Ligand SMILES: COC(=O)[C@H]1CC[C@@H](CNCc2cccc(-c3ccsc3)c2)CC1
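The chain below stands alone, shown as structure tokens; this is the form solved without this ligand.
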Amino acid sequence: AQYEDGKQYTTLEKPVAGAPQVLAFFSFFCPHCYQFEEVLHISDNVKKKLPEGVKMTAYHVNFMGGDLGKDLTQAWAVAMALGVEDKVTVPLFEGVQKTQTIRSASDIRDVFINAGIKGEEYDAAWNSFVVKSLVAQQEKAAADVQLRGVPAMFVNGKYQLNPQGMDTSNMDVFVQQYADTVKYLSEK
């Protein structure tokens, strides 16, 4: 078949009940995640092909970067709570990997301030139990899919994308294959 278990995707041996329909995991420290988001625009291209009523969810992971990695998971929870993911994704990726100006929790906060989030609003969110819950939710989801590495993407809590089984001849064809595989899986 054109789509094959073991080729473009794999099947979780322990499917996750109640998982977001399309769930991506990433780290702002992950070089492949930087390529996926800033050069290939994987997330945007997946979203443009999702069936009606299917949304993408993206969660950060703790296992890269020690202390700062966990600060970034908490800041990503702030971005999700405030609805500012689209304002901070590029400067967080660039701050960590391009300019390497993000070295502390305060430096993360500066990205939000420069993006127009008010200081009091950031600090209230950072310290909130809503954000504590969103950190726990990102951690629980990674545990539930037995996450090993990033980037990763999971569909319906049952299928894991396998980019290494896709055609990497051309970067844009690869992005197309990835997005079309997510759509195929969301309809399975």
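When you see a residue number, it is the position in the sequence shown, counting from 1.
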Q.
Using only C-alpha atoms and the B-factors in the entry, which stretch averages higher, 34-42 or 47-55?
A. 47-55
Q: Between 20-28 and 163-171, point out the one with the higher average CA B-factor as the PDB entry records it.
A: 163-171
**Q.** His60 CA temperature factor, ranked by third within the chain
**A.** lowest
Q.
Splitting the chain's C-alpha B-factors into thirds, which one does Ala143 fall into?
A. highest
Q | Position of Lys158 among the chain's modelled residues by C-alpha B-factor, lowest, middle or highest third | A | highest
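This protein has a second form, the form deposited with this ligand bound, left out of what is shown; the following refers to that one.
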Q) Given the pose of this ligand in the deposited complex, superimposed here by the C-alphas around the site, does the shown chain leave the site open or is it blocked by 3 or more ligand atoms within 2.4 Å of backbone or C-beta atoms? A) blocked
Q: Tell me, yes or no, whether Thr168 is in contact with this ligand in the deposited complex, where a contact means a heavy atom of each within 4.5 Å.
A: yes
Q: Although this ligand is absent from this view, report whether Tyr159 comes within 4.5 Å of it in the deposited complex, heavy atoms only.
A: no
Q) Though only this chain appears here, would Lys47 touch this ligand in the deposited complex if you measure heavy atom gaps against 4.5 Å? A) no
Q) Do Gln164 and this ligand share at least one heavy atom pair within 4.5 Å in the deposited complex? A) yes
